[PDB]
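Asker: First the structure, then my questions, so here it is.
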Amino acid sequence: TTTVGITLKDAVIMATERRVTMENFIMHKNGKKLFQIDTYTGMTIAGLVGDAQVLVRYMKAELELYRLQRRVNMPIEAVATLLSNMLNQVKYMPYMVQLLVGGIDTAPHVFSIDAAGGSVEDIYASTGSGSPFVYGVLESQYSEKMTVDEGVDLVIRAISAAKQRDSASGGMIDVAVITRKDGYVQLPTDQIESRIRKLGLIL
Amino acid sequence: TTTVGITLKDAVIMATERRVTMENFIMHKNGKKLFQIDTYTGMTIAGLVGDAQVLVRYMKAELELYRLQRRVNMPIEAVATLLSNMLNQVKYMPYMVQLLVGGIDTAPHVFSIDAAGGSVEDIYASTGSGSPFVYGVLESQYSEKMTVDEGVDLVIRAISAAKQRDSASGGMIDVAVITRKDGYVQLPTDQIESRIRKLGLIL
Amino acid sequence: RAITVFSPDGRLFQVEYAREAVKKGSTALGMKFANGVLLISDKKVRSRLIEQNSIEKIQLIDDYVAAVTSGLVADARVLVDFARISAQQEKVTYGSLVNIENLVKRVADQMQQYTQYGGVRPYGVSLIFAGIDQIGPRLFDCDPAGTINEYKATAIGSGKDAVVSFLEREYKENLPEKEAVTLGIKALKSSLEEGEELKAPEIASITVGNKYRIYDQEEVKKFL
Amino acid sequence: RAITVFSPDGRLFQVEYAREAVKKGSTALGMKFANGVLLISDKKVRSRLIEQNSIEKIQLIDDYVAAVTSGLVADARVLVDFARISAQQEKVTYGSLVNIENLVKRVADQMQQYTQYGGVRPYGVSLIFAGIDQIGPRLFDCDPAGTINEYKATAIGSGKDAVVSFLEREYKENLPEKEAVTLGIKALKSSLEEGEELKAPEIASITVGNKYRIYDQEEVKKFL
Amino acid sequence: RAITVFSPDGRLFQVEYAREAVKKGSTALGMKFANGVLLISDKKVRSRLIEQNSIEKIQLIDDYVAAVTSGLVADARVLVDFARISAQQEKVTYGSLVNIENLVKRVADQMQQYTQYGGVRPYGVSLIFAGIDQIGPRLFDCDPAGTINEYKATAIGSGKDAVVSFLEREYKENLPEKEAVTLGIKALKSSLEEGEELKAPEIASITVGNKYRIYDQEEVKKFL
Amino acid sequence: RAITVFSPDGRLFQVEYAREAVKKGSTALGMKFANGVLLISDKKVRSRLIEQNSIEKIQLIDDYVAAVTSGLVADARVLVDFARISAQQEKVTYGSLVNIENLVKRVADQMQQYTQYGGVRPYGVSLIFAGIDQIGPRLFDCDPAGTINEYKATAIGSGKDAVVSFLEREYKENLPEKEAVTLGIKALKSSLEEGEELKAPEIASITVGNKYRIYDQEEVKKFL
Amino acid sequence: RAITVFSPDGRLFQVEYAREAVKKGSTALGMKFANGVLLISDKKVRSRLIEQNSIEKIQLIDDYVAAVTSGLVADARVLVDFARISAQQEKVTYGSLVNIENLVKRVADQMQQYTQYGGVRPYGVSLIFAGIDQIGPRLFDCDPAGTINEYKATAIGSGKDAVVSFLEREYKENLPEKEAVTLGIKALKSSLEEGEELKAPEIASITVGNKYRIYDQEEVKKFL
Amino acid sequence: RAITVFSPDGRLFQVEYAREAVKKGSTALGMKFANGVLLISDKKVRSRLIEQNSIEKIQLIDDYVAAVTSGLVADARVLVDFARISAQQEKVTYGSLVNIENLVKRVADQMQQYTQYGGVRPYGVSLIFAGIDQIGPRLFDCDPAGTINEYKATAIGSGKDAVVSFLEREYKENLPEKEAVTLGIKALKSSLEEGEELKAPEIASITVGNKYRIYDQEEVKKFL
Amino acid sequence: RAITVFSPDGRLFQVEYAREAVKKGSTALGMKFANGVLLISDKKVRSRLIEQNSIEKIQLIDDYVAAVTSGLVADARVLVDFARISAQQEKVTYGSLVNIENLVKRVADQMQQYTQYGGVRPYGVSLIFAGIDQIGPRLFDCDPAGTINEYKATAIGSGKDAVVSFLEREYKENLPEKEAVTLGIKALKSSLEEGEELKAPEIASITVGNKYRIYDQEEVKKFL
C-alpha cells in the first residue's frame with residue numbers, strides 16, 4: 001500500500017492506490033485509502049485497516065462538530081495537532097497506523113503523523129509500503145513551480161512506480177486535488193486511467 | 001539529531017540542526033527542534049517526536065498560565081524542576097526524550113534533563129545523536145570569555161562537525177540567542193548560512 | 001426558604017437574587033472601535049492603606065484576551081481562573097484558541113450548571129470578555145444565569161443602565177482608539193458620576209495584529 | 001416550597017411552571033412543504049449595540065438537521081449542544097443518522113429524566129427539530145416535559161396559539177417553497193404582530209436531496 | 001409537602017396521586033379471543049397539523065409481543081424502551097423469550113422500586129402487555145404501583161370502568177377474531193362515546209403460530 | 001410529615017402504618033399436623049374476566065418450602081423472589097438448604113434494614129413460610145418490622161385475630177391431614193365468613209418424606 | 001419532627017425515645033456467683049400455638065459467652081448476629097477470644113455510630129453479655145446509646161428498677177450456683193410478679209473451666 | 001429544628017448545646033507539678049452491683065500519656081480509641097511520639113470536622129491529655145468545638161468553674177507531688193463537695209524519666 | 001432556618017453571620033515598613049494557669065511568611081495548616097514559593113468553596129498573611145467570604161475599625177522598623193485600649209534579605 005501528499009503553489013494533491021492484502025494473499029482489490037475529512041481537507045490511511053477506519057470516523061465527526069460550534073473550519077495544523085494528541089495519549093497500546101493529512105486553510109499543508117503522535121509538516125511526503133520508491137521519483141522530479149496538472153501526473157507516475165517494485169501495492173490508483181477555489185475534489189476514475197495510458201504507464 | 005546549549009557572560013545561545021529520520025530512512029529534512037517556551041527561555045527537543053512535541057506544548061501553556069497568575073516569569077531552575085517532577089513521576093512508562101532547557105532570569109542558565117527527571121545544570125551541554133562530536137569541539141574551543149558573536153560561530157562549527165560524523169543529524173543548522181536586553185531572538189536563516197560559508201563549513 | 005426551582009410565573013428567583021448582587025458591583029464597560037476593542041473599569045478606591053494597582057479589575061486570560069467582572073468578588077476570581085485554564089486547554093489540544101466565543105461559552109455553561117443542579121448556590125457575578133481572535137475583535141458579556149451575548153459596545157456593574165444609554169445614543173461605529181477611549185470615559189463619567197469625581201479609571205486595549213496594552217497611570221490621567 | 005411530585009390532581013407543578021417560562025419565549029414556527037421543510041423565527045432586536053446575526057435562533061445540528069428553541073436561553077443552548085454531540089454519536093457508530101426521530105427522542109429522554117430524579121430543576125425550554133432524514137422531511141417539537149410529536153406544521157414560543165391557529169386554518173399541504181415561506185411569514189406576522197412591525201425574521205430551509213440553506217438578509221427582506 | 005411513605009391508614013399517597021394521572025390518560029383495551037389476542041386504543045386526534053399515524057399508541061416490544069400505555073406520555077415511552085431492551089436481554093442469554101409473564105414482571109419491579117427508594121418520583125403510567133408466548137396468548141396489565149395481573153379481557157386509561165363493565169357483561173370466551181374486534185370496538189365506543197364520535201381507533205392483533213398484525217386504516221374503518 | 005424514627009413513647013410509627021396495610025390484606029393461615037404442614041389462603045375473586053388460578057397466593061420457594069403473603073401485593077412479590085434466589089444461594093454453596101429457619105431469617109433481615117436506614121419506605125407486607133427441612137415440618141411468620149416467630153398453627157391478613165382465636169381454642173395437636181385441612185377450612189370460614197360465602201379457598205400441603213402438593217379445584221371443593 | 005442532635009439542655013432525644021422502647025421489653029437479669037455467672041430471662045408466653053422453646057431469649061455467641069436482649073426484637077436479633085461474627089473474627093485472627101470485654105466494646109461502638117451519623121435510626125435495644133474469658137467470669141450490659149458497664153449482678157427490660165433494687169439489697173457476693181439461681185429467680189419474681197404467676201423462666205449458666213449449660217424445662221421448674 | 005450553621009450573632013448553636021452535655025459530666029482535673037503532671041477524677045459510684053474499678057475514668061493512651069474525659073460517655077470512648085491508634089500511627093512512622101501536643105491536635109481536628117461537615121452530630125465531650133513528651137510534662141484540654149489549650153493546671157466536667165477558681169487562687173507552681181496531689185484533692189473536694197462526701201477519687205501521675213503510675217485504692221485513701 | 005443562598009437583596013446571610021464571629025475575635029494588625037513588614041497581635045490573657053507563650057497568635061507558614069488570624073479559633077487552626085502544606089506543595093513542585101500572593105489565593109479559594117457548595121458551614125475566620133517574596137515584602141488579608149486584598153497596612157479582629165482609622169491617618173510610608181513597630185503598638189493601643197492596659201502584645205517582623213524574627217518578651221516590653 002502506498003499514499004502520497006504533495007504541496008504546490010495554491011493546491012495540495014493526495015493520491016493512493018488501493019490493494020488491501022493479508023501477507024501475500026491479496027484479498028481485496030479495491031479498498032479505499034483516500035478520504036475527504038472536511039470541506040478543505042483530506043486524509044490518507046495506511047497500516048492496519050481496523051485502527052485506520054475507526055480513526056477516520058472519529059476525525060470526520062470531530063471536525064464537523066468543531067465547524068458547527070466555532071462557525072469556521074478547523075485549521076490544518078490544528079487537525080494535525082488534535083490527531084497528534086490522540087495517538088500519543090495511547091502510545092503504549094497504539095493505533096497501529098500511519099496517517100497523512102493534507103488540506104488548505106490560509107495556505108496549503110501536508111502533515112505526516114506516526115503511531116506515537118509525532119507530527120511533522122513537509123512540502124510533500126509519502127506513506128506506506130511503497131514509500132521509498134515514490135520518495136525516489138519525487139526526490140528526482142518534484143518542483144514547487146509545477147502546475148496542478150503537472151502535479152497530478154507526477155503523482156500517478158510516483159504511485160505507478162511503487163506499484164512495480166512493491167507487491168503489497170496495487171490496483172487502480174486514485175487522486176484528489178484540493179484547492180481553495182473549488183475545494184476538495186476527487187478526480188474521475190476515467191480521467192485518471194486516461195492520464196495513465198497517455199503517460200504510457202500501466203494498470 | 002543534535003542540539004546544544006551554551007552559557008557565556010550575559011547570554012545563552014541554543015542551536016540544533018534539523019533532520020528527522022526513521023533509522024536510515026531520512027524522512028523529514030526540516031523538522032523543528034528549537035522552541036521558545038517563554039519570553040526569556042527556550043527548550044531543545046531530542047528523542048521520540050510524539051513525546052517531545054506534547055511535552056513542549058505542556059511546558060508552553062503551563063509557563064504562560066504561571067506568568068499570568070504570578071505576574072512574573074518562572075525562574076529557569078523552576079521550570080527545570082517542574083519538568084523534572086513531571087518526567088520522573090512517570091518513569092515506568094516514560095516520555096522517551098532528552099530535553100535541554102536554557103534561558104536567563106537573574107543570570108544565564110542551561111539544564112540537561114533526562115527521561116527519568118534527572119536534572120543538572122552545566123555551563124554548556126549537548127543533547128542528541130551527535131552529542132559526543134559537539135562535546136569534542138566544545139571541550140576543545142569553548143571559552144567563558146567569548147562574545148555572543150564568537151559563541152554563535154562556535155555553536156555553528158560544533159554542530160557542523162557532528163553533521164560530518166553522524167548520519168542521524170543533518171539539515172539547516174539554526175540558532176537562537178537569548179539575552180535580557182533583546183529577549184529570546186532566533187537568528188535569520190540567511191545570516192546563519194552566511195556565517196557557515198564565511199567559516200568554510202558546509203551544508 | 002425554598003430554592004432553585006421555577007416560580008408559578010416561570011422564574012428562577014435564586015438567579016434573580018444573584019443578579020442583584022452584580023448590580024451592587026462596580027461599573028465597567030467596553031466597546032469595539034477602529035481595529036481593536038477596549039475595556040475600561042471605574043477603579044473606585046478608599047483608604048490610603050490599599051496597595052493601589054494590586055486591585056486590578058481588568059484581568060488577562062491570555063495575551064490576546066482579557067475580561068472584567070462585577071459582583072461577588074470571590075466568585076469573580078474563581079470564575080476567572082477557570083476561564084484561564086480553560087483557555088490553556090484549548091491551546092494545548094488544538095494548538096490555538098481560534099474562536100474566543102467558545103472560551104466564553106465554556107465558562108457560561110459552568111455557570112449554567114449551578115442554575116439547575118440542586119444543592120449549590122449560583123455564581124453571583126457577571127463579566128465581559130474582550131479580545132481579538134481568528135474572527136477579529138470580539139466583545140461578549142455574561143450574567144449569573146449563563147446568558148451570553150456579543151456586543152458592539154456595552155457595560156456592566158452598578159451604572160449599567162446609565163452608561164449603556166449614553167452609548168446607545170452617542171456610540172460611534174468605527175471610532176479610532178483615541179476618540180473611542182474618550183467617548184468611553186465620557187460615558188463612564190456621566191453614569192456613575194452622580195458623585196462628580198471620576199477618580200482613577202482602569203483602562204486597557206488591544207488592536208488586531210498584536211497583544212493587549214494596559215494604559216499607564218499617566219496615560220489614563222491624560223484622558224481623565 | 002415543595003417539589004417535583006404529583007399534585008392531588010395528578011400534575012407535576014414544577015413542569016407546569018417550567019412551561020410558563022417557554023411561553024415568555026420568542027415566537028418561531030416551521031412546516032413541511034413541497035419536498036423539504038422550513039424553519040422561521042422572529043428575530044426581535046433591541047439595541048444598536050447588539051451584534052446582529054450573532055443572535056442566531058435557528059441553529060444547525062448537522063448539515064441536514066436544524067432546530068429552533070424557546071424558553072430559558074441558557075437551558076436551550078446546553079440542550080442544543082447535547083443533541084449535537086448526540087447526533088455525532090449515532091453517526092460514528094452506525095455510520096449514518098438514518099432516523100432523525102431518534103435524535104429528538106434521545107434529547108427528549110434527557111429532559112424526561114429531570115422530570116423525576118429528585119434534586120434537580122427541569123429544563124425550562126421547548127424546541128423543534130426540522131430536517132430531512134432517511135424517511136424524508138421531518139418535523140418535531142418538544143416541551144420541558146419530554147413530550148415529543150411530529151407535525152405537518154407548527155409553532156412555539158410566545159405567539160404559539162395564535163400562529164398555530166392561522167396555519168390550522170390556512171395551511172396548504174404541498175405548498176411550493178416560495179409560497180410556503182410566504183404563508184409562514186404571513187402566519188408569523190398576524191400572531192406576534194399585535195405590535196405591527198415584523199422586524200427582521202430569521203428563516204432557513206432545506207429540501208430533500210441536499211443540505212440546509214440559511215436565507216440571507218436581503219432574501220428574507222424580499223418576503224418581508 | 002411530605003412524601004412516599006405510609007399514611008396513618010396504610011396508603012402510599014404518592015402512588016395514589018400517580019394513579020390519578022393515568023385516569024386522565026386515553027382509553028385502550030384488549031382481550032384474548034379465538035387463538036390469539038388483540039389490542040385496541042382510541043386514537044383521539046386534534047389538529048390537522050399532527051402527523052397522523054406517527055402518534056402510535058400500540059407499540060411493539062418484539063414481533064410477538066406488543067403493549068399499549070396510559071398516563072404521563074414521557075414516563076410511558078421510557079418505560080416502554082426499558083421493556084424492549086429487557087426483552088432483548090432475555091433473548092440473548094436464554095436464546096428465547098419463553099415466558100412473557102416474566103417480561104412484564106421485570107418492568108413491574110422497575111416501577112415498584114420507585115415506590116420505596118426515597119428521592120425519586122414514581123412512574124405516572126399504567127400499561128398492558130399482550131402477545132403469545134411459549135404458554136400461549138397472554139394478557140397482562142400494570143399500574144404505577146407495580147401491581148400486575150393477567151386477564152381474559154381488560155382496559156385502561158380514561159374510560160376503564162365503563163368499557164370494563166361492558167366486557168364484564170358481554171364478553172364472549174372464544175369469540176373468533178372478526179367478532180372479537182367487533183365486541184371490542186363496540187365496548188370501546190359505549191365507554192368513551194359520551195362524545196358520540198369514535199374517531200379513528202388504532203387496532204392490532206396476533207394469533208398463535210405467527211407474528212403481530214397492525215390493522216390498516218381501511219380495515220379498521222371497516223369495523224368502525 | 002416526619003419519618004422512621006422513634007416516637008416519644010418508643011415506637012416506629014412508619015412500621016406501624018405499614019402493619020395497617022397488611023391487615024387490609026387477604027386472610028390466610030397454616031398449621032402443622034400429622035407429619036407435615038399445610039397452607040390455606042382465601043382466594044376471594046371478583047370479575048369473570050380475571051384469569052382464575054393465575055392469582056396464586058400460595059407460592060413455592062422450592063419443592064419443599066412454600067410461603068403465603070399479605071399486604072401490598074407488589075412488595076410481597078419482590079420480597080418473595082428475594083427469598084427464592086436467597087434459597088438457591090444456600091443450596092449452591094452448602095449443597096443443601098438444611099435449616100429453613102435460616103431462609104426466613106435472611107428475608108427478615110432484609111426487611112429489618114428498611115426499618116432504620118433513613119431514606120426508604122419499609123416493606124408493607126407480612127408472610128408465612130411453611131415446609132419441611134432437616135429438622136422437620138416448620139412454620140414461620142414474618143411482619144414488616146422483621147419480627148419472626150415459629151408456630152404450631154397461625155394466620156395472617158384480614159381475619160387474623162378471628163381465625164387465630166378459633167385455632168387458639170380448637171387446634172388439635174397431631175391432627176391427620178384430612179382432619180387438619182378440615183379444622184383449618186372451618187377456622188378460615190368462621191373468621192372471614194361474616195360474609196357467608198367461603199368462595200374457593202387455595203390450599204396446598206407437604207408431608208415429611210416428599211415434595212409439596214397443591215390441591216386441585218375439585219379436591220379443595222370436596223372440603224368446601 | 002427534628003432529629004439526632006443535641007437539645008438545648010445537652011440531650012439526644014432520639015436516643016432517649018429509643019430507651020423507652022427497651023423499657024417496654026421483657027425482663028431479664030444475671031449475676032456473677034461462685035465460680036461462674038448465670039443468666040435468667042422471663043419467658044412470658046401467650047398462645048398455645050407458639051412453638052415454645054423456639055422463642056429463646058438467652059442466645060449463645062459462642063460456647064463460652066451468651067447474651068440476652070431487650071427492646072425492638074428485630075434490632076436485637078441483627079445486633080446479636082453482628083456480635084457472633086464479630087466474635088468469630090477475633091478468634092480467626094488472634095486464635096482466641098481472650099477478652100470478652102472487647103467483644104462487647106465492638107458491638108457497642110456499632111451502636112454508638114448510629115448515635116451521630118445523621119440519616120439512620122438508632123438501635124432500639126439493650127442487652128447484657130455474660131460468660132467467662134481469660135480474665136474470668138464477666139458480666140456486661142449495653143444500652144442504645146452505646147454505653148457499656150461491667151456488673152457483679154444486674155437486670156434489664158421491663159422490671160429493671162424493681163429487680164435491680166432487690167439485688168441491690170439481697171445480693172450475696174460468692175453465692176454458690178444453686179443458691180444464686182434461687183436468689184435470682186426470687187428477685188425476678190418480686191419485680192415483674194405484680195401479676196403473680198412467674199410462668200416459665202429461661203435460665204442458663206456457665207462456670208469457669210467449662211462451656212455454658214442451658215437449664216432444661218424440669219430443672220428450671222425445680223426452682224420455680 | 002435547623003442545624004450546624006451560624007446564628008445571626010455568629011454562633012454555632014449545635015456546638016453550644018453540645019457543651020451543655022459536658023457540663024453535666026463528672027468532674028476531673030489535673031496540674032503540672034515538680035517534675036511531672038498528675039490527673040485526678042471524681043469517681044462517683046452508685047450501686048453495690050457495679051464492678052468498681054472497671055469504671056476507669058482516667059485512661060491510658062500509651063505508657064507515657066493519659067487522658068480523662070467528660071460528656072457523653074459513648075462519644076468519649078470512641079474519641080479515646082481514635083487518639084490511641086492515632087498515637088500508634090505516629091510511633092510507627094517516625095519511630096517516636098516526640099510531641100504530645102501533636103497527638104491532641106489530631107484528635108481535635110477530628111472533632112472540628114463535625115463542626116462544619118453538614119449531616120452529622122458533633123462529639124458531645126471534652127477531655128484533657130496529660131503526660132511527659134520530648135518537651136517535658138505537658139497538659140492540654142479540648143472541648144466539642146475542637147478548641148485546644150495548654151495549661152499549668154485545669155479542670156473539666158461538672159464542677160469546672162468551682163475547682164478551677166480554687167486553683168486559680170491557691171495553685172502553687174513547683175509543688176512536689178505529695179503536696180500537689182493534696183492541693184488537687186482539696187480543690188476537687190471544695191468544688192463538687194456541696195454534697196460533703198468526696199467518695200473515692202481516681203488519681204494517677206507520671207514524672208519525667210519514667211512511665212505513668214496509677215494510685216492504688218489505699219494510697220489514694222491516704223490523701224482522702 | 002434556611003441557608004447559603006441569596007437573599008432578595010443579593011446577600012449571603014450565612015457568610016454575614018460568619019463575619020460577626022470574626023469581629024468578636026482578638027485584635028491584630030500589620031504594616032509594611034522600611035524594607036520588610038511586621039505583624040502585631042494583642043495577646044490578651046486571663047488565668048495564671050494558662051501556659052503563656054503557648055497561645056501563639058502569630059503563626060509561621062514557613063521561615064519567610066507568617067500569618068495571624070481572628071475568629072473561631074478551631075477554624076483558624078485548620079485553615080492555617082492547610083496553608084502550611086499548601087505552601088510546601090508549591091515548594092516541592094516548582095522548587096520555590098516565588099509569589100506569596102498565590103499562597104493566599106489558594107487558601108482563599110478553599111474558603112470560597114464553602115460559600116456555595118450546599119451542605120457545609122463556612123469558615124468563621126479572617127486572617128492576614130505577611131512576608132517577603134520574590135516580589136518583595138507583601139501584606140494580605142482574607143475574610144470568610146474568600147475576599148482577599150493587598151495592603152500597605154491593616155488590621156483585623158475586634159478593634160479593626162478603630163486601629164485601621166488611626167493608621168488611615170498617622171501611617172507613615174517608609175517608617176524604619178523601630179518607629180514602625182512603635183506607630184503600630186500605639187495604633188493597637190488607642191483602639192482596643194478603651195480598657196486602658198495594653199497587656200503583653202505579640203510582635204514579629206521580617207526584613208528583605210532574611211528570615212522572620214519573633215520579638216522576645218523583653219524586647220516587646222521595651223516598646224510597651
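Convention: chains lettered A, B, ... in C-alpha cells order; per-chain residue numbering from 1; ligands numbered from 1 as shown.
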Determine which residues of region 49-170 of chain C receive a DSSP assignment of strand (DSSP E or B), computed from the backbone, and state them as an MDAnalysis selection string.
Answerer: chainID C and resid 50 58:62 65:71 125:132 137:142 148:151 153:156
Asker: Excluding residue 144 (chain E) and any residue of its chain fewer than 5 positions from it, enumerate the residues within 12 Å of it, using only C-alpha atoms, and give them as a PyMOL selection string.
Answerer: (chain E and resi 12-23+69-72+75-76+79+107-115+121-128) or (chain F and resi 74)
Asker: Which residues are close to residue 87 (chain C), i.e. within 9 Å by only C-alpha atoms, leaving aside same-chain residues fewer than 5 positions away? Reply as JSON, numbers by chain.
Answerer: {"C": [61, 62, 82, 92, 97, 100, 103]}
Asker: Taking only C-alpha atoms into account, find every residue of chain F that has an atom no more than 9 Å from chain G, and write it out as JSON, numbers by chain.
Answerer: {"F": [1, 2, 3, 4, 5, 6, 7, 8, 9, 10, 11, 108, 109, 112, 115, 116, 117, 118, 119, 139, 145, 146, 147, 148, 149, 150, 151, 152, 153, 154, 164, 167, 168, 169, 171]}
Asker: Once you have the residues from the selection above, write them out as a CSV table (one decimal), in the first residue's frame, restricted to N, CA, C and O atoms.
Answerer:
```
chain,number,residue,atom,x,y,z
F,1,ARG,N,-45.5,13.3,58.0
F,1,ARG,CA,-44.6,14.5,57.7
F,1,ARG,C,-43.5,14.5,58.8
F,1,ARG,O,-43.4,15.5,59.5
F,2,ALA,N,-42.7,13.5,58.8
F,2,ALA,CA,-41.6,13.3,59.8
F,2,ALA,C,-40.8,12.0,59.5
F,2,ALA,O,-39.7,12.1,59.1
F,3,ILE,N,-41.3,10.7,59.7
F,3,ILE,CA,-40.2,9.7,59.4
F,3,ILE,C,-40.2,8.2,59.6
F,3,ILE,O,-41.2,7.5,59.4
F,4,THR,N,-38.9,7.7,59.8
F,4,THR,CA,-38.6,6.4,60.5
F,4,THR,C,-37.6,6.7,61.5
F,4,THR,O,-36.4,6.6,61.3
F,5,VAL,N,-38.2,7.1,62.7
F,5,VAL,CA,-37.5,7.4,63.9
F,5,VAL,C,-38.4,7.0,65.1
F,5,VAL,O,-39.6,6.7,64.9
F,6,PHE,N,-37.9,7.1,66.3
F,6,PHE,CA,-38.6,6.8,67.5
F,6,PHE,C,-39.5,7.9,68.0
F,6,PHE,O,-39.1,9.1,68.0
F,7,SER,N,-40.7,7.5,68.3
F,7,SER,CA,-41.7,8.5,68.9
F,7,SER,C,-41.3,8.6,70.4
F,7,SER,O,-40.5,7.8,70.9
F,8,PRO,N,-41.8,9.6,71.0
F,8,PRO,CA,-41.5,9.9,72.5
F,8,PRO,C,-41.9,8.7,73.3
F,8,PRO,O,-41.5,8.7,74.5
F,9,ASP,N,-42.6,7.7,72.8
F,9,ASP,CA,-43.0,6.6,73.6
F,9,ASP,C,-42.3,5.3,73.1
F,9,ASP,O,-42.7,4.2,73.6
F,10,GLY,N,-41.3,5.4,72.3
F,10,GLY,CA,-40.6,4.3,71.8
F,10,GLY,C,-41.2,3.5,70.7
F,10,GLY,O,-41.1,2.2,70.7
F,11,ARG,N,-41.8,4.1,69.7
F,11,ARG,CA,-42.4,3.4,68.6
F,11,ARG,C,-42.0,3.9,67.2
F,11,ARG,O,-41.9,5.1,67.0
F,108,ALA,N,-36.0,-11.8,56.6
F,108,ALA,CA,-36.4,-10.9,57.7
F,108,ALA,C,-35.5,-9.7,57.8
F,108,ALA,O,-35.9,-8.6,58.0
F,109,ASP,N,-34.2,-10.1,57.8
F,109,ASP,CA,-33.2,-9.1,58.0
F,109,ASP,C,-33.3,-8.0,56.9
F,109,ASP,O,-33.1,-6.9,57.1
F,112,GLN,N,-35.8,-5.8,58.0
F,112,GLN,CA,-35.3,-5.1,59.1
F,112,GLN,C,-34.5,-3.9,58.7
F,112,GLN,O,-34.4,-2.9,59.4
F,115,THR,N,-36.0,-0.7,58.2
F,115,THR,CA,-36.6,-0.3,59.4
F,115,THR,C,-35.8,0.9,60.0
F,115,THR,O,-36.3,1.7,60.8
F,116,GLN,N,-34.5,1.0,59.6
F,116,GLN,CA,-33.6,2.0,60.1
F,116,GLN,C,-32.8,2.8,59.2
F,116,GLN,O,-32.4,4.0,59.5
F,117,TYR,N,-32.5,2.3,58.0
F,117,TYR,CA,-31.7,3.1,57.0
F,117,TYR,C,-32.2,4.3,56.4
F,117,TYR,O,-32.1,4.4,55.1
F,118,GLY,N,-32.7,5.3,57.1
F,118,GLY,CA,-33.2,6.5,56.6
F,118,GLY,C,-34.1,6.5,55.3
F,118,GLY,O,-35.1,5.8,55.3
F,119,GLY,N,-33.6,7.2,54.3
F,119,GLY,CA,-34.4,7.3,53.0
F,119,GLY,C,-35.0,6.2,52.2
F,119,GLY,O,-34.6,6.0,51.0
F,139,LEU,N,-43.0,-24.1,60.6
F,139,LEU,CA,-43.9,-23.0,60.3
F,139,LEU,C,-43.5,-21.6,60.9
F,139,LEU,O,-43.3,-21.5,62.2
F,145,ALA,N,-41.9,-5.4,60.4
F,145,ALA,CA,-40.9,-5.0,61.3
F,145,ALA,C,-39.7,-5.9,61.2
F,145,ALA,O,-38.6,-5.6,61.7
F,146,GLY,N,-39.8,-7.1,60.6
F,146,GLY,CA,-38.7,-8.0,60.5
F,146,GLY,C,-38.8,-9.0,61.7
F,146,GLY,O,-37.9,-9.8,61.8
F,147,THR,N,-39.9,-8.9,62.4
F,147,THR,CA,-40.1,-9.9,63.5
F,147,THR,C,-40.5,-11.2,63.0
F,147,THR,O,-41.4,-11.3,62.1
F,148,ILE,N,-39.9,-12.3,63.5
F,148,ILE,CA,-40.2,-13.6,63.0
F,148,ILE,C,-40.4,-14.6,64.2
F,148,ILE,O,-39.7,-14.5,65.2
F,149,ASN,N,-41.4,-15.5,64.1
F,149,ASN,CA,-41.7,-16.5,65.1
F,149,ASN,C,-42.1,-17.8,64.5
F,149,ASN,O,-42.8,-17.8,63.5
F,150,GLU,N,-41.9,-18.9,65.2
F,150,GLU,CA,-42.3,-20.2,64.8
F,150,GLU,C,-43.5,-20.6,65.5
F,150,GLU,O,-43.6,-20.5,66.7
F,151,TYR,N,-44.5,-21.1,64.7
F,151,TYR,CA,-45.8,-21.6,65.2
F,151,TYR,C,-46.0,-23.0,65.1
F,151,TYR,O,-45.3,-23.8,64.4
F,152,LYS,N,-47.2,-23.4,65.7
F,152,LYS,CA,-47.7,-24.8,65.7
F,152,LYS,C,-48.9,-24.6,64.7
F,152,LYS,O,-49.4,-25.6,64.0
F,153,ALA,N,-49.4,-23.4,64.6
F,153,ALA,CA,-50.5,-23.0,63.7
F,153,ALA,C,-50.7,-21.5,63.9
F,153,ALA,O,-50.4,-21.0,65.0
F,154,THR,N,-51.1,-20.9,62.8
F,154,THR,CA,-51.3,-19.4,62.8
F,154,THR,C,-51.9,-18.9,61.5
F,154,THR,O,-52.2,-19.7,60.6
F,164,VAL,N,-57.3,-16.9,64.2
F,164,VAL,CA,-56.3,-17.3,65.2
F,164,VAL,C,-57.0,-17.8,66.5
F,164,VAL,O,-56.6,-18.8,67.1
F,167,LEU,N,-58.5,-21.3,66.3
F,167,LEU,CA,-57.4,-22.3,66.4
F,167,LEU,C,-56.9,-22.4,67.9
F,167,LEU,O,-56.9,-23.4,68.5
F,168,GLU,N,-56.7,-21.2,68.4
F,168,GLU,CA,-56.2,-21.0,69.8
F,168,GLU,C,-57.1,-21.9,70.7
F,168,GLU,O,-56.6,-22.5,71.7
F,169,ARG,N,-58.3,-22.1,70.3
F,169,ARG,CA,-59.3,-22.9,71.0
F,169,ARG,C,-59.4,-24.4,70.5
F,169,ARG,O,-59.1,-25.3,71.3
F,171,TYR,N,-57.6,-26.0,68.1
F,171,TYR,CA,-56.5,-26.6,67.4
F,171,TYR,C,-56.1,-28.0,68.1
F,171,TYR,O,-55.9,-28.1,69.3
```
Asker: Skip residue 40 (chain E) itself and residues of its chain fewer than 5 positions away, then list as a ChimeraX atom specification all residues within 7 Å of it, counting only C-alpha atoms.
Answerer: /E:28-30,201-204
Asker: Write to file, as a short mmCIF file (atom, residue, chain, number, x, y, z; two decimals), in the first residue's frame, the residues of the selection just made, with N, CA and C atoms.
Answerer:
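Saved result, result.cif, follows:
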```
data_model
loop_
_atom_site.label_atom_id
_atom_site.label_comp_id
_atom_site.auth_asym_id
_atom_site.auth_seq_id
_atom_site.Cartn_x
_atom_site.Cartn_y
_atom_site.Cartn_z
N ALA E 28 -57.92 2.52 26.25
CA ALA E 28 -57.49 1.40 25.42
C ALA E 28 -57.86 0.11 26.10
N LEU E 29 -57.95 -0.97 25.34
CA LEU E 29 -58.30 -2.25 25.92
C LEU E 29 -57.80 -3.35 25.04
N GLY E 30 -58.00 -4.56 25.53
CA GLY E 30 -57.58 -5.73 24.80
C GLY E 30 -58.27 -6.93 25.39
N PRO E 201 -60.00 4.53 15.69
CA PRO E 201 -59.34 3.68 16.68
C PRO E 201 -58.07 3.05 16.07
N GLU E 202 -57.13 2.66 16.93
CA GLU E 202 -55.88 2.02 16.50
C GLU E 202 -56.03 0.58 16.98
N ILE E 203 -55.95 -0.37 16.05
CA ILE E 203 -56.11 -1.78 16.43
C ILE E 203 -55.08 -2.69 15.76
N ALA E 204 -54.63 -3.67 16.53
CA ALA E 204 -53.64 -4.66 16.08
C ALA E 204 -53.93 -5.99 16.78
#
```
Asker: Residues of chain B near chain I: apply a cut-off of 9 Å, count only C-alpha atoms, and supply the list as a list in words.
Answerer: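 Listed by rising number, the hits are residues 69, 70, 71, 72, 74, 75, 77, 78, 79, 80, 81, 82, 84, 85 and 86 of chain B.
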